[PDB]
>>> print(open('model.cif').read())   # mmCIF, C-alpha atoms and all ligand atoms
data_work
loop_
_atom_site.label_atom_id
_atom_site.label_comp_id
_atom_site.auth_asym_id
_atom_site.auth_seq_id
_atom_site.Cartn_x
_atom_site.Cartn_y
_atom_site.Cartn_z
CA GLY A 1 20.34 7.53 -0.14
CA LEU A 2 17.36 5.87 1.52
CA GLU A 3 15.60 9.23 1.85
CA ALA A 4 15.06 9.25 -1.92
CA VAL A 5 13.12 5.99 -1.53
CA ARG A 6 10.93 7.50 1.22
CA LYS A 7 10.37 10.72 -0.73
CA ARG A 8 9.35 8.93 -3.95
CA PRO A 9 8.65 5.26 -3.11
CA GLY A 10 6.61 5.01 -6.34
CA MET A 11 9.87 5.11 -8.32
CA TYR A 12 11.08 2.02 -6.46
CA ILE A 13 8.09 -0.21 -5.70
CA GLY A 14 5.48 1.12 -8.14
CA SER A 15 2.94 2.43 -5.62
CA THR A 16 2.24 2.64 -1.88
CA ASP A 17 -1.17 1.03 -1.77
CA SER A 18 -2.01 -2.67 -1.27
CA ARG A 19 0.11 -3.53 -4.37
CA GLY A 20 3.22 -1.80 -2.99
CA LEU A 21 2.76 -3.27 0.48
CA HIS A 22 2.83 -6.86 -0.81
CA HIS A 23 5.70 -5.98 -3.08
CA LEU A 24 7.87 -5.53 0.02
CA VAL A 25 7.35 -9.21 0.86
CA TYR A 26 8.28 -10.27 -2.69
CA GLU A 27 11.52 -8.26 -2.64
CA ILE A 28 12.83 -10.09 0.43
CA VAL A 29 11.49 -13.44 -0.88
CA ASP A 30 13.26 -13.06 -4.26
CA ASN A 31 16.59 -12.78 -2.43
CA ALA A 32 15.83 -16.11 -0.76
CA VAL A 33 14.91 -17.78 -4.07
CA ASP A 34 18.01 -16.25 -5.68
CA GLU A 35 19.95 -18.11 -2.96
CA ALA A 36 17.95 -21.32 -3.48
CA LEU A 37 18.62 -21.21 -7.22
CA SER A 38 22.31 -20.69 -6.42
CA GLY A 39 22.82 -23.51 -3.94
CA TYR A 40 21.69 -23.40 -1.00
CA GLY A 41 18.38 -23.84 0.85
CA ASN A 42 15.52 -26.34 0.76
CA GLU A 43 12.80 -24.10 2.28
CA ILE A 44 11.57 -20.50 2.39
CA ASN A 45 9.20 -19.51 5.21
CA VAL A 46 6.93 -16.46 5.03
CA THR A 47 5.12 -15.58 8.27
CA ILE A 48 2.55 -12.81 8.76
CA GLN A 49 3.05 -12.00 12.44
CA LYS A 50 0.49 -10.78 15.00
CA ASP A 51 1.74 -7.17 14.82
CA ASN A 52 1.36 -7.24 11.00
CA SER A 53 5.11 -7.53 10.51
CA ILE A 54 6.56 -10.00 8.01
CA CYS A 55 9.20 -12.66 8.56
CA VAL A 56 10.98 -14.19 5.55
CA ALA A 57 13.36 -17.02 6.46
CA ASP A 58 15.52 -19.30 4.32
CA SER A 59 18.01 -22.16 4.87
CA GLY A 60 20.77 -20.62 2.72
CA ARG A 61 24.44 -19.92 3.45
CA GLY A 62 23.52 -16.93 5.62
CA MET A 63 24.21 -13.32 4.64
CA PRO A 64 27.98 -12.62 4.73
CA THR A 65 29.04 -11.25 8.11
CA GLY A 66 32.44 -9.87 7.10
CA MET A 67 33.63 -6.35 6.41
CA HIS A 68 32.77 -4.75 3.07
CA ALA A 69 35.46 -2.97 1.08
CA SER A 70 33.73 0.35 1.85
CA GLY A 71 34.45 -0.11 5.59
CA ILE A 72 31.07 -1.17 7.00
CA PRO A 73 29.78 -4.76 7.32
CA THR A 74 28.34 -6.39 4.16
CA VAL A 75 25.07 -6.94 6.04
CA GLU A 76 24.78 -3.19 6.50
CA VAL A 77 25.73 -2.34 2.90
CA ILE A 78 22.95 -4.63 1.66
CA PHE A 79 20.31 -2.93 3.85
CA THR A 80 21.48 0.71 3.78
CA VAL A 81 22.92 1.23 0.29
CA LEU A 82 21.11 0.87 -3.05
CA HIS A 83 23.44 1.13 -5.15
CA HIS A 84 23.33 -9.93 -4.10
CA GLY A 85 20.43 -8.23 -2.36
CA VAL A 86 18.39 -6.09 -4.75
CA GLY A 87 15.37 -4.55 -3.03
CA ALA A 88 16.54 -5.26 0.53
CA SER A 89 17.53 -1.64 1.22
CA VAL A 90 14.26 -0.46 -0.40
CA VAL A 91 12.29 -2.58 2.09
CA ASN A 92 14.52 -1.27 4.89
CA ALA A 93 13.87 2.33 3.79
CA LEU A 94 10.08 1.85 3.89
CA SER A 95 9.88 -0.02 7.20
CA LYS A 96 9.45 1.36 10.75
CA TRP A 97 11.93 -1.28 11.85
CA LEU A 98 13.71 -4.25 10.34
CA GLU A 99 16.02 -6.94 11.67
CA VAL A 100 18.14 -9.59 10.00
CA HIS A 101 19.09 -12.80 11.83
CA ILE A 102 21.99 -14.71 10.31
CA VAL A 103 23.22 -18.18 11.27
CA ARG A 104 26.64 -19.00 9.80
CA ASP A 105 28.87 -21.91 10.84
CA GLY A 106 27.51 -22.47 14.36
CA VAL A 107 27.48 -18.79 15.34
CA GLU A 108 24.35 -16.59 15.14
CA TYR A 109 24.29 -12.90 14.15
CA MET A 110 21.77 -10.04 14.18
CA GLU A 111 21.32 -6.38 13.22
CA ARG A 112 18.38 -4.04 13.80
CA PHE A 113 17.35 -1.01 11.75
CA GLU A 114 14.74 1.62 12.59
CA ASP A 115 12.97 4.70 11.21
CA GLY A 116 13.55 3.97 7.55
CA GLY A 117 16.93 2.23 7.69
CA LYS A 118 19.01 3.79 10.48
CA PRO A 119 21.15 1.11 12.12
CA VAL A 120 20.49 0.58 15.83
CA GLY A 121 24.01 -0.03 17.10
CA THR A 122 25.86 -2.29 14.68
CA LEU A 123 26.03 -5.90 13.43
CA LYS A 124 26.38 -8.19 16.45
CA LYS A 125 27.51 -11.74 17.05
CA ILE A 126 24.92 -13.13 19.49
CA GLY A 127 26.55 -16.45 20.42
CA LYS A 128 26.91 -20.06 19.24
CA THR A 129 23.80 -22.05 18.26
CA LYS A 130 22.99 -25.56 17.02
CA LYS A 131 20.74 -23.96 14.37
CA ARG A 132 21.11 -24.63 10.63
CA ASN A 133 22.65 -21.99 8.33
CA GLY A 134 20.16 -19.33 7.23
CA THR A 135 18.98 -15.74 6.93
CA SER A 136 15.73 -14.48 8.48
CA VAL A 137 14.33 -10.99 7.76
CA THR A 138 11.55 -9.40 9.80
CA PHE A 139 10.14 -5.96 9.06
CA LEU A 140 7.11 -3.82 9.84
CA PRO A 141 6.15 -1.64 6.83
CA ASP A 142 5.91 2.12 7.47
CA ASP A 143 2.27 3.14 8.03
CA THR A 144 3.06 6.84 7.42
CA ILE A 145 4.09 5.74 3.91
CA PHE A 146 1.54 3.06 2.97
CA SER A 147 -2.20 3.72 2.44
CA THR A 148 -2.80 0.34 4.06
CA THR A 149 -0.56 -1.89 6.18
CA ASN A 150 -3.00 -4.81 6.14
CA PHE A 151 -1.56 -7.90 4.39
CA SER A 152 -3.89 -10.09 2.33
CA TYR A 153 -3.23 -13.78 2.98
CA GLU A 154 -4.88 -14.82 -0.30
CA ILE A 155 -2.73 -12.45 -2.38
CA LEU A 156 0.46 -13.67 -0.70
CA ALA A 157 -0.48 -17.36 -1.11
CA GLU A 158 -1.18 -16.96 -4.84
CA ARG A 159 2.14 -15.17 -5.46
CA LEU A 160 4.27 -17.48 -3.30
CA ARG A 161 2.88 -20.51 -5.13
CA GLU A 162 4.12 -18.75 -8.29
CA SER A 163 7.57 -18.35 -6.73
CA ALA A 164 7.49 -22.07 -5.89
CA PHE A 165 6.79 -22.86 -9.57
CA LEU A 166 10.35 -21.61 -10.16
CA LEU A 167 11.86 -24.14 -7.76
CA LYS A 168 12.73 -27.84 -7.50
CA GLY A 169 13.01 -29.55 -4.10
CA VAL A 170 12.49 -26.35 -2.11
CA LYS A 171 9.36 -25.79 -0.06
CA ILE A 172 7.60 -22.42 0.37
CA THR A 173 5.25 -22.01 3.33
CA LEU A 174 3.02 -19.06 4.24
CA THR A 175 1.87 -18.73 7.86
CA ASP A 176 -0.74 -16.33 9.25
CA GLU A 177 -0.73 -15.86 13.04
CA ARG A 178 -3.09 -12.88 13.27
CA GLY A 179 -5.10 -15.06 13.68
CA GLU A 180 -6.18 -17.05 16.73
CA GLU A 181 -4.92 -20.30 15.14
CA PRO A 182 -1.89 -20.72 12.79
CA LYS A 183 -3.41 -20.80 9.29
CA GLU A 184 -0.95 -21.92 6.59
CA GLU A 185 -0.35 -23.02 2.97
CA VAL A 186 2.54 -25.10 1.62
CA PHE A 187 3.87 -25.35 -1.95
CA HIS A 188 6.58 -27.76 -3.12
CA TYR A 189 7.78 -29.33 -6.37
CA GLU A 190 9.00 -31.94 -7.39
CA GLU A 191 11.54 -33.00 -10.03
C1 LIG W 201 15.81 -13.75 3.88
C2 LIG W 201 16.14 -12.97 2.62
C3 LIG W 201 17.59 -13.15 2.25
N1 LIG W 201 18.29 -14.31 2.34
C4 LIG W 201 19.57 -14.19 1.94
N2 LIG W 201 20.58 -15.08 1.88
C5 LIG W 201 21.81 -14.74 1.44
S1 LIG W 201 23.02 -15.92 1.40
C6 LIG W 201 24.38 -15.41 0.53
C7 LIG W 201 24.25 -14.87 -0.74
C8 LIG W 201 25.40 -14.45 -1.43
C9 LIG W 201 26.64 -14.59 -0.81
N3 LIG W 201 26.74 -15.12 0.42
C10 LIG W 201 25.65 -15.53 1.09
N4 LIG W 201 22.11 -13.48 1.03
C11 LIG W 201 21.21 -12.48 1.03
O1 LIG W 201 21.57 -11.23 0.61
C12 LIG W 201 22.67 -11.09 -0.29
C13 LIG W 201 19.84 -12.80 1.51
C14 LIG W 201 18.54 -12.14 1.72
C15 LIG W 201 18.33 -10.71 1.41
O2 LIG W 201 17.25 -10.18 1.61
#
>>> encode(input="model.cif", output="structure tokens", more="lines below")
Ligand SMILES: CCc1[nH]c2nc(Sc3cccnc3)nc(OC)c2c1C=O
Amino acid sequence: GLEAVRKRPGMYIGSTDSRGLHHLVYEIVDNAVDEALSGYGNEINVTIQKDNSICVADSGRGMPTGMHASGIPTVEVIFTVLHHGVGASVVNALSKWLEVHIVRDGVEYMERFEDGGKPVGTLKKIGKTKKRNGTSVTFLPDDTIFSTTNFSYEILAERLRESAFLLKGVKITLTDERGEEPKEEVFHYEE
């Protein structure tokens, strides 16, 4: 279960200091680049929000909104079961809250999780939008778990540039809004 992650997060993300904190960002990001390398998205946006929560947003197909063979939505399986989206449930387990916003085929979806991965209600259709297809994940890391919940902008920029090195024609932006004015870096290549 997700309790195993909270009991021994070191066996899942290496440590719960600054290193482990930033690792949470990379887990969600890698799912976006997986999608980019599959298809399927010309930009990945990473935003450090004012409340020290992280948003990771892509322009991919959008996380599947249908029922999983186990009898709960595929969105929920990805974020609540370990054992597509490796690391997503780990991030969910170690966050105070997390929500996923999905836009698929002109309809927008959302689901919220709290207290280490407990679903708040269920997956919901919000209503039709003109927005492009994509998945957006916001989460606030659990401060009772991490030694520090204070994201380094420099560390994120260096590692996202590295993730951009992997990619052709997809643009990775980092935004810090903590932060009286929106500070940001952009990386894109090329061939
Ligand atoms: C914003 C980060 C993110 N973005 C994502 N986009 C897709 S899109 C997709 C992938 C496979 C099958 N169908 C849709 N799927 C995902 O999980 C499987 C994610 C995902 C998971 O964290």
>>> residues_around(input="model.cif", residues="residue A:187", least_positions_apart="4", cutoff="7 Å", atoms="only C-alpha atoms", output="list in words")
residues 161, 164, 171, 172 and 173 of chain A
>>> closest_residue(input="model.cif", among="A:186, A:155, A:120, A:11", to="residue A:170", atoms="all atoms listed in the file")
A:186
>>> closest_residue(input="model.cif", among="A:140, A:56, A:24, A:36", to="residue A:174", atoms="only C-alpha atoms")
A:56
>>> closest_atom_pairs(input="model.cif", of="chain A", to="ligand LIG 201 (chain W)", cutoff="10 Å", atoms="all atoms listed in the file", output="CSV")
residue,atom,partner,partner_atom,distance
A:25,CA,W:LIG201,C2,9.7
A:26,CA,W:LIG201,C2,9.9
A:27,CA,W:LIG201,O2,7.4
A:28,CA,W:LIG201,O2,4.6
A:29,CA,W:LIG201,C2,5.8
A:30,CA,W:LIG201,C2,7.5
A:31,CA,W:LIG201,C14,4.6
A:32,CA,W:LIG201,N1,4.3
A:33,CA,W:LIG201,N1,8.0
A:34,CA,W:LIG201,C4,8.0
A:35,CA,W:LIG201,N2,5.7
A:36,CA,W:LIG201,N2,8.6
A:38,CA,W:LIG201,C7,8.4
A:39,CA,W:LIG201,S1,9.3
A:40,CA,W:LIG201,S1,8.0
A:41,CA,W:LIG201,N2,9.1
A:44,CA,W:LIG201,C1,8.1
A:45,CA,W:LIG201,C1,8.9
A:46,CA,W:LIG201,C1,9.4
A:55,CA,W:LIG201,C1,8.2
A:56,CA,W:LIG201,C1,5.1
A:57,CA,W:LIG201,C1,4.8
A:58,CA,W:LIG201,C1,5.6
A:59,CA,W:LIG201,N2,8.1
A:60,CA,W:LIG201,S1,5.4
A:61,CA,W:LIG201,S1,4.7
A:62,CA,W:LIG201,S1,4.4
A:63,CA,W:LIG201,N4,4.2
A:64,CA,W:LIG201,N3,5.1
A:65,CA,W:LIG201,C10,8.9
A:74,CA,W:LIG201,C12,8.6
A:75,CA,W:LIG201,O1,7.8
A:77,CA,W:LIG201,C12,9.8
A:78,CA,W:LIG201,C12,6.8
A:79,CA,W:LIG201,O2,8.2
A:84,CA,W:LIG201,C12,4.0
A:85,CA,W:LIG201,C12,4.2
A:86,CA,W:LIG201,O2,7.6
A:87,CA,W:LIG201,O2,7.5
A:88,CA,W:LIG201,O2,5.1
A:89,CA,W:LIG201,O2,8.6
A:91,CA,W:LIG201,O2,9.1
A:92,CA,W:LIG201,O2,9.9
A:100,CA,W:LIG201,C1,7.8
A:101,CA,W:LIG201,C1,8.7
A:102,CA,W:LIG201,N2,8.6
A:104,CA,W:LIG201,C10,9.4
A:133,CA,W:LIG201,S1,9.2
A:134,CA,W:LIG201,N2,6.8
A:135,CA,W:LIG201,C1,4.8
A:136,CA,W:LIG201,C1,4.7
A:137,CA,W:LIG201,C1,5.0
A:138,CA,W:LIG201,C1,8.5
>>> residues_around(input="model.cif", residues="residue A:128", least_positions_apart="4", cutoff="7 Å", atoms="only C-alpha atoms", output="ChimeraX atom specification")
/A:106-108
>>> closest_residue(input="model.cif", among="A:179, A:14, A:73, A:169", to="residue A:119", atoms="all atoms listed in the file")
A:73
>>> atom_distance(input="model.cif", atom1="atom CA of residue A:8", atom2="atom CA of residue A:80")
16.6 Å
>>> atom_distance(input="model.cif", atom1="atom CA of residue A:148", atom2="atom CA of residue A:16")
8.1 Å
>>> residues_around(input="model.cif", residues="residue A:17", least_positions_apart="5", cutoff="12 Å", atoms="all atoms listed in the file", output="number ranges by chain")
A: 9-10, 22-24, 141-151
>>> atom_distance(input="model.cif", atom1="atom CA of residue A:3", atom2="atom CA of residue A:115")
10.7 Å
